[PDB]
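Engineer: Take a look at the following structure, please.
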Amino acid sequence: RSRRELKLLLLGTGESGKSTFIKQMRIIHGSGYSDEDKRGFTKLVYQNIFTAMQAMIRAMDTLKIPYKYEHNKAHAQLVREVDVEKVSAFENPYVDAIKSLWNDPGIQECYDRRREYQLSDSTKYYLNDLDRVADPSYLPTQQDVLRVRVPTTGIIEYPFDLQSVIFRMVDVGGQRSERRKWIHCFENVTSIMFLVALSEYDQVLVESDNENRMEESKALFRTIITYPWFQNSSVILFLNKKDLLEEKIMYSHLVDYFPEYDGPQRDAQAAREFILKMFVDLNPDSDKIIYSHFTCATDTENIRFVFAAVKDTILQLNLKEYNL
Amino acid sequence: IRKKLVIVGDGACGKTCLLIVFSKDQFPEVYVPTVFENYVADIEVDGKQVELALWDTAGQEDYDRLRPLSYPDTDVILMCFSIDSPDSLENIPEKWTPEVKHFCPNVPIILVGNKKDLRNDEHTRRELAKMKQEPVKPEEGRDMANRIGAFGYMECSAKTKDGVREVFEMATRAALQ
Amino acid sequence: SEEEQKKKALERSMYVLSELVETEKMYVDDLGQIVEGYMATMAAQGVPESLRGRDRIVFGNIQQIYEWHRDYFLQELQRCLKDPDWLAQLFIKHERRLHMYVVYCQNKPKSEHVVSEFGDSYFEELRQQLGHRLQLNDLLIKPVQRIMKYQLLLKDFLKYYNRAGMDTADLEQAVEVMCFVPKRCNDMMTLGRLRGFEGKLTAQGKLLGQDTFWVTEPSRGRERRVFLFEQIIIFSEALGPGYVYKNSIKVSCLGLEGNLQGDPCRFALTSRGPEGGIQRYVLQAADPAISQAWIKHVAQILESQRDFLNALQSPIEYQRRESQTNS
Ligand SMILES: Nc1nc2c(ncn2[C@@H]2O[C@H](COP(=O)(O)OP(=O)(O)O)[C@@H](O)[C@H]2O)c(=O)[nH]1
Ligand code: ALF
Ligand SMILES: [Mg+2]
């Protein structure tokens, strides 16, 4: 009559690192990524570059940014015409064009103002290091595989055997679009891992562009925590994308988006400390702790340490509560 | 040599008061308490230093399946009812006995009649006469004990302390057999 | 000759409140005998080979209960001694937490079978190493008793404290709530004999209700006992007691159409899932007043559940709403 299994929901706004957690939890406790496994992702690395570039190429027009080097007008046309769902090779009519566009101070000016449109986060990581990708003998590094972006529309569950205990790790959608489905995997939930992207504080939602991306991560949180099937289930808050906040907080200031924050500017820490405070205060039940951790999901060795400590708490609880 | 005594009866039929008088040797100090946490007491009958454990079922009386958790490995049951309440004499063969002899088969029962002093009191006679009833006489309680087949019928009162010791002296010697 | 008895209401009630508060302490430390005595000692010394596979089954979830009482509930009862008006609101507050008593009660019959058979020649040893007056099987009843003594202590506050204010409404719910918890615990013993259902009955939310229905579907007539939890509804065959699983419908895919083709006694429940097919069961009831009851309540569980979803898809909007409900 054994019961050695434990469901965990990953939840939160889209683009907050739910899938990337599952990748690291695979790297750490699963079968790693092999060379053949990586070569599968090349198509998607290749794709992401176009997604990102086309994204800006359109931003130029939208925000009336002028291209500095006339010859890029062509380049930007050619690239914007490309169908991203069919792209499966980085060949040179384009490889040069995307390189030239990335180099135009006009596109960078546009990229510096990325807040004002929907561009992905690993654009820099890739578009800076084009020459490596563009190589005909490219084979994605585990970090490249960690930084790709295949957006989820489906509840795919991922089990992981770990010290004779199985943790069944659920990966849900993120955009308003998907959240209906979430309720079908609310079944025997032991703990709610909720992700917030620290660097969201200055952006607006992809689906509805009047509304601050943290304002909504915040709303969602309180909305889930409230729900009465989660009162017998712990909640663990992973404030993600710290590395991005640390670099972002030097230009874009918090207080302009959240004026309640009375701390200093360009202070990487003081900010996240406050952001954490926002969320932990929305905890309603005063007899229940609401565990928190600052994470960078593309840092395997940071995530190794975090989930390590998270388990020894999750186990600690569910032992006392006679679920094991 | 330890034994296990569980008490049983209707609400406010002097279950909790009876155990306080024995475990202290004193009346509750004019504040009738509610919780008597399980008390191992040192009694001595026929020269045998018994350490009889006392379990109260105070409140657990509207909950059919929960009482059965207090009954295993039991060696004696101080089943009782209040003298000042013939409605408590009604449930002895109706609710209690049938339940008891299932969860504790062949294990002895001591019927006890609590608050004998409230038989004589005129304030509890005029109160009962309204309900077209009367205080249960002893020649009704004995016939009940026979009918259900108890180890021995006894009477006492928590205010007097009278027959309180002698009921447990019976409850101890019964725990032997 | 009137107000001198209104002040006699207070003192007499403070004795009852102070019993609760001072018994909540002796209970905490009596659980502290269980948790950090018998379980701590057994962890340090070692687990017996006869009892190795069943270490936990003895102590149930008692560790969860202890640490709640010790580190939160007791402390709040101490605040209630110097603020007795605050007490009623507190017993409502934590209706959900007392679920831990259900899991313990259900896993109590198992202790006796794991204790009274396996290691009684072992608990003699630990009882004499620690040195308690009370044998293990005495301390492991404390909560079972304690949860049905909360209905009592509050019921006595209601007698004496009716005169010291007309917020018997705060204490009306407070007592109500604190009888329902022992009701669930009592009911969840019988429903522990549910064979042939994968999933823990305990963590399927509150057992709201249960009743007997005749269950058609396009026909296959059959008398069945229908349990209704917040997360699920179970169809079961009664064995006159003790029950067997037959079909389920999780509330996550539940649907309802009441008063079928005119009839007050008939409704239908429908299961439409993302991955499964479409099932549809017609429940016909005995007392029409039992049918109607169920429609109302299920049609509600749904109404609020379809609120939740709409709020997931629009969470900031729905928390502007709820912030102005609060204020
Ligand atoms: N630089 C950086 N990028 C991240 C971090 N977490 C996620 N990303 C990137 O952001 C994108 C979103 O990740 P994903 O897990 O798919 O988001 P999801 O929709 O919540 O599941 C991915 O392309 C990741 O490479 C982080 O901590 N730092
Ligand atoms: F925005 Al997602 F998986 F939640 F791509
Ligand atoms: Mg994803």
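Please note that chains go A, B, ... in the order of the structure tokens, that every chain numbers its residues from 1, and that ligands are numbered from 1 in the order shown.
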Residues contacting ligand 2 - anything with an atom at most 9 Å away, using only C-alpha atoms and all ligand atoms - can you give me those as a list in words?
Structural biologist: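 If we count only C-alpha atoms and all ligand atoms, the neighbours of ligand 2 turn out to be residues 11, 12, 13, 14, 15, 16, 17, 18, 19, 20, 149, 150, 151, 152, 153, 154, 171, 172, 173, 174, 175 and 178 of chain A.
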Engineer: Now that the selection is made, can you save its residues with N, CA and C atoms as a PDB file, in the first residue's frame?
Structural biologist:
ATOM      1  N   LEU A  11       3.882  26.871 -11.813  1.00  0.00           N
ATOM      2  CA  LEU A  11       2.884  27.835 -12.288  1.00  0.00           C
ATOM      3  C   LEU A  11       3.465  29.250 -12.409  1.00  0.00           C
ATOM      4  N   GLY A  12       2.803  30.078 -13.218  1.00  0.00           N
ATOM      5  CA  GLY A  12       3.145  31.498 -13.323  1.00  0.00           C
ATOM      6  C   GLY A  12       2.923  32.054 -14.711  1.00  0.00           C
ATOM      7  N   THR A  13       2.963  33.380 -14.829  1.00  0.00           N
ATOM      8  CA  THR A  13       2.937  34.036 -16.127  1.00  0.00           C
ATOM      9  C   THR A  13       3.908  33.354 -17.056  1.00  0.00           C
ATOM     10  N   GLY A  14       3.584  33.408 -18.338  1.00  0.00           N
ATOM     11  CA  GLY A  14       4.465  32.904 -19.374  1.00  0.00           C
ATOM     12  C   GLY A  14       5.790  33.625 -19.407  1.00  0.00           C
ATOM     13  N   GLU A  15       6.775  32.988 -20.030  1.00  0.00           N
ATOM     14  CA  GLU A  15       8.134  33.538 -20.136  1.00  0.00           C
ATOM     15  C   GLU A  15       8.798  33.817 -18.758  1.00  0.00           C
ATOM     16  N   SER A  16       8.546  32.941 -17.786  1.00  0.00           N
ATOM     17  CA  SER A  16       9.067  33.119 -16.429  1.00  0.00           C
ATOM     18  C   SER A  16       9.990  31.993 -16.012  1.00  0.00           C
ATOM     19  N   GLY A  17      10.184  31.015 -16.887  1.00  0.00           N
ATOM     20  CA  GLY A  17      11.152  29.950 -16.635  1.00  0.00           C
ATOM     21  C   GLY A  17      10.594  28.652 -16.076  1.00  0.00           C
ATOM     22  N   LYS A  18       9.356  28.311 -16.432  1.00  0.00           N
ATOM     23  CA  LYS A  18       8.765  27.057 -15.992  1.00  0.00           C
ATOM     24  C   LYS A  18       9.369  25.879 -16.750  1.00  0.00           C
ATOM     25  N   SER A  19       9.443  25.988 -18.073  1.00  0.00           N
ATOM     26  CA  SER A  19      10.071  24.942 -18.901  1.00  0.00           C
ATOM     27  C   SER A  19      11.553  24.799 -18.606  1.00  0.00           C
ATOM     28  N   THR A  20      12.216  25.926 -18.360  1.00  0.00           N
ATOM     29  CA  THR A  20      13.658  25.939 -18.103  1.00  0.00           C
ATOM     30  C   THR A  20      13.998  25.260 -16.787  1.00  0.00           C
ATOM     31  N   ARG A 149      13.734  28.731 -26.654  1.00  0.00           N
ATOM     32  CA  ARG A 149      12.411  29.199 -26.309  1.00  0.00           C
ATOM     33  C   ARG A 149      11.366  28.533 -27.166  1.00  0.00           C
ATOM     34  N   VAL A 150      10.837  27.414 -26.696  1.00  0.00           N
ATOM     35  CA  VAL A 150       9.721  26.766 -27.371  1.00  0.00           C
ATOM     36  C   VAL A 150       8.497  26.880 -26.448  1.00  0.00           C
ATOM     37  N   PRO A 151       7.615  27.844 -26.731  1.00  0.00           N
ATOM     38  CA  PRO A 151       6.554  28.159 -25.791  1.00  0.00           C
ATOM     39  C   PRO A 151       5.533  27.034 -25.619  1.00  0.00           C
ATOM     40  N   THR A 152       5.120  26.810 -24.370  1.00  0.00           N
ATOM     41  CA  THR A 152       4.269  25.678 -23.996  1.00  0.00           C
ATOM     42  C   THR A 152       2.796  25.984 -24.201  1.00  0.00           C
ATOM     43  N   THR A 153       2.085  25.086 -24.872  1.00  0.00           N
ATOM     44  CA  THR A 153       0.623  25.121 -24.894  1.00  0.00           C
ATOM     45  C   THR A 153       0.139  23.696 -24.716  1.00  0.00           C
ATOM     46  N   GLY A 154       0.198  23.244 -23.468  1.00  0.00           N
ATOM     47  CA  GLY A 154      -0.170  21.879 -23.127  1.00  0.00           C
ATOM     48  C   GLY A 154       0.428  21.493 -21.794  1.00  0.00           C
ATOM     49  N   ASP A 171       4.144  20.853 -15.832  1.00  0.00           N
ATOM     50  CA  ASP A 171       4.579  22.034 -16.561  1.00  0.00           C
ATOM     51  C   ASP A 171       3.366  22.603 -17.275  1.00  0.00           C
ATOM     52  N   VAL A 172       2.816  23.714 -16.783  1.00  0.00           N
ATOM     53  CA  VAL A 172       1.591  24.286 -17.386  1.00  0.00           C
ATOM     54  C   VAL A 172       1.896  25.448 -18.337  1.00  0.00           C
ATOM     55  N   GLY A 173       0.878  25.829 -19.104  1.00  0.00           N
ATOM     56  CA  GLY A 173       0.934  27.002 -19.969  1.00  0.00           C
ATOM     57  C   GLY A 173       1.078  28.263 -19.139  1.00  0.00           C
ATOM     58  N   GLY A 174       1.138  29.419 -19.797  1.00  0.00           N
ATOM     59  CA  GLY A 174       1.450  30.671 -19.105  1.00  0.00           C
ATOM     60  C   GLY A 174       0.589  31.862 -19.460  1.00  0.00           C
ATOM     61  N   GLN A 175       0.230  31.980 -20.732  1.00  0.00           N
ATOM     62  CA  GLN A 175      -0.567  33.118 -21.197  1.00  0.00           C
ATOM     63  C   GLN A 175      -2.009  32.935 -20.760  1.00  0.00           C
ATOM     64  N   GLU A 178      -4.158  29.870 -21.802  1.00  0.00           N
ATOM     65  CA  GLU A 178      -4.049  28.472 -21.362  1.00  0.00           C
ATOM     66  C   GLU A 178      -4.627  28.178 -19.978  1.00  0.00           C
TER      67      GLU A 178
END
Engineer: Compile the residues of chain C that lie within 10 Å of chain B, evaluated using only C-alpha atoms, and express the compilation as JSON, numbers by chain.
Structural biologist: {"C": [12, 15, 16, 19, 20, 23, 26, 27, 105, 106, 108, 109, 112, 116, 133, 134, 135, 137, 138, 139, 141, 142, 144, 145, 146, 147, 148, 149, 150, 151, 152, 153, 156, 179, 182, 183, 184, 185, 186, 187, 188, 189, 190]}
Engineer: DSSP on the backbone, then: every residue of stretch 18-129 of chain A marked helix (DSSP H, G or I), written as a PyMOL selection string.
Structural biologist: chain A and resi 18-29+35-39+42-62+72-80+92-103+105-112+114-116+123-128
Engineer: I'd like to know which of A:23, A:266, A:71, A:4 is closest to ligand 1, using only C-alpha atoms and all ligand atoms.
Structural biologist: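 Among A:23, A:266, A:71, A:4, it is A:23 that comes nearest to ligand 1.
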Engineer: Hey, list the chain A side of the contact with chain C: 8 Å cut-off, only C-alpha atoms, answer as an NGL selection string.
Structural biologist: :A and (176-177 or 179-180 or 183-184 or 187-188 or 215-216 or 219-220 or 223 or 227 or 229 or 231-232 or 287 or 320-322)
Engineer: Tell me which protein, DNA and RNA residues are within 12 Å of residue A:147, counting only C-alpha atoms, leaving out same-chain ones fewer than 6 positions away, and put them as a ChimeraX atom specification.
Structural biologist: /A:15,17,19-21,23-24,41-42,44-45,48-49,120-126,140-141,241,296-300
Engineer: Excluding residue C:209 and residues on its chain fewer than 3 positions from it, collect all residues at most 9 Å away from it, counting only C-alpha atoms, and give them as a PDB file with C-alpha atoms, in the first residue's frame.
Structural biologist:
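Generated output (part37.pdb):
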ATOM      1  CA  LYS C 206     -14.300  18.353   2.504  1.00  0.00           C
ATOM      2  CA  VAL C 226     -23.234   9.001  -3.920  1.00  0.00           C
ATOM      3  CA  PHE C 227     -20.542  10.778  -1.935  1.00  0.00           C
ATOM      4  CA  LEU C 228     -19.897  14.437  -2.743  1.00  0.00           C
ATOM      5  CA  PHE C 229     -16.572  16.070  -1.932  1.00  0.00           C
ATOM      6  CA  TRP C 294     -28.084  18.755  -4.313  1.00  0.00           C
TER       7      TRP C 294
END
Engineer: Atom CA of residue A:217 and atom CA of residue A:200, how far apart in Å?
Structural biologist: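 Answer for the atom CA of residue A:200 to atom CA of residue A:217 separation: 8.8 Å.
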Engineer: Counting only C-alpha atoms and all ligand atoms, figure out which residue out of A:312, A:288, A:195, A:84 gets nearest to ligand 3.
Structural biologist: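 Smallest separation from ligand 3 among the options: A:195.
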Engineer: Output as a PDB file with C-alpha atoms, in the first residue's frame all residues of stretch 163-321 of chain A that backbone DSSP marks as strand (DSSP E or B).
Structural biologist:
ATOM      1  CA  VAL A 165      10.648   9.002  -4.102  1.00  0.00           C
ATOM      2  CA  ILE A 166       9.043  10.106  -7.342  1.00  0.00           C
ATOM      3  CA  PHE A 167       8.272  13.812  -7.836  1.00  0.00           C
ATOM      4  CA  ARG A 168       5.780  14.230 -10.642  1.00  0.00           C
ATOM      5  CA  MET A 169       6.590  17.713 -11.979  1.00  0.00           C
ATOM      6  CA  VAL A 170       3.779  19.388 -13.944  1.00  0.00           C
ATOM      7  CA  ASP A 171       4.579  22.034 -16.561  1.00  0.00           C
ATOM      8  CA  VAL A 189      -1.184  18.681  -5.551  1.00  0.00           C
ATOM      9  CA  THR A 190       1.414  18.553  -2.777  1.00  0.00           C
ATOM     10  CA  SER A 191       3.178  21.898  -3.415  1.00  0.00           C
ATOM     11  CA  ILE A 192       2.803  24.914  -5.733  1.00  0.00           C
ATOM     12  CA  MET A 193       6.105  26.075  -7.163  1.00  0.00           C
ATOM     13  CA  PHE A 194       5.238  29.589  -8.378  1.00  0.00           C
ATOM     14  CA  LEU A 195       7.675  31.460 -10.655  1.00  0.00           C
ATOM     15  CA  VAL A 196       8.001  35.254 -10.984  1.00  0.00           C
ATOM     16  CA  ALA A 197      10.475  36.864 -13.379  1.00  0.00           C
ATOM     17  CA  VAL A 204       3.594  44.899 -20.337  1.00  0.00           C
ATOM     18  CA  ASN A 212       2.198  45.649 -16.023  1.00  0.00           C
ATOM     19  CA  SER A 234       2.709  24.278   0.584  1.00  0.00           C
ATOM     20  CA  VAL A 235       3.698  27.199  -1.649  1.00  0.00           C
ATOM     21  CA  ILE A 236       7.256  27.952  -2.774  1.00  0.00           C
ATOM     22  CA  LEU A 237       7.988  31.249  -4.516  1.00  0.00           C
ATOM     23  CA  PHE A 238      10.901  31.266  -6.993  1.00  0.00           C
ATOM     24  CA  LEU A 239      11.728  34.853  -7.927  1.00  0.00           C
ATOM     25  CA  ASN A 240      13.518  33.988 -11.179  1.00  0.00           C
ATOM     26  CA  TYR A 291       9.026  29.692   1.291  1.00  0.00           C
ATOM     27  CA  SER A 292      11.050  31.851  -1.118  1.00  0.00           C
ATOM     28  CA  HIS A 293      14.207  31.633  -3.258  1.00  0.00           C
ATOM     29  CA  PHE A 294      15.938  33.913  -5.745  1.00  0.00           C
TER      30      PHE A 294
END
Engineer: Quick one: distance from atom CA of residue B:95 to atom CA of residue C:172 in Å, one decimal?
Structural biologist: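 So the two atoms, atom CA of residue B:95 and atom CA of residue C:172, lie 29.0 Å apart.
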Engineer: By how many Å are atom CA of residue C:9 and atom CA of residue C:161 apart?
Structural biologist: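 Computing it gives 5.8 Å between the two atoms.
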Engineer: Excluding residue B:18 and any residue of its chain fewer than 6 positions from it, enumerate the residues within 12 Å of it, using only C-alpha atoms, and give them as number ranges by chain.
Structural biologist: B: 7-8, 12, 24-28, 32-34, 36, 54-56, 58, 78, 80-82, 112-115, 155-168
Engineer: Find the spatial neighbours of residue B:85, counting only C-alpha atoms, within a cut-off of 12 Å - ignore same-chain residues fewer than 2 positions away - and output them as a PyMOL selection string.
Structural biologist: chain B and resi 9-14+80-83+87-91+113-116+118-119+124-125+127-129+131-137
Engineer: Which neighbours of residue B:110 fall inside 6 Å, counting only C-alpha atoms, when residues of the same chain fewer than 6 positions from it are skipped, and could you give them as a list in words?
Structural biologist: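 Close residues of residue B:110: residues 78, 79, 150, 151 and 152 of chain B.
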Engineer: Restrict the selected residues to C-alpha atoms and save them as a PDB file, in the first residue's frame.
Structural biologist:
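See selection21.pdb below for the written result:
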ATOM      1  CA  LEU B  78     -18.101   1.939  34.371  1.00  0.00           C
ATOM      2  CA  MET B  79     -21.345   2.286  32.428  1.00  0.00           C
ATOM      3  CA  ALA B 150     -23.392  -6.302  35.009  1.00  0.00           C
ATOM      4  CA  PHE B 151     -20.584  -7.294  37.413  1.00  0.00           C
ATOM      5  CA  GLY B 152     -22.327  -5.333  40.189  1.00  0.00           C
TER       6      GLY B 152
END
Engineer: Measuring between only C-alpha atoms and all ligand atoms, which one of A:245, A:43, A:205, A:158 shows the shortest distance to ligand 1?
Structural biologist: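 Checking each candidate against ligand 1, we get A:245 as the closest.
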Engineer: Given the choices A:101, A:65, A:198, A:282, which gets closest to ligand 1 if the distance is worked out from only C-alpha atoms and all ligand atoms?
Structural biologist: A:198
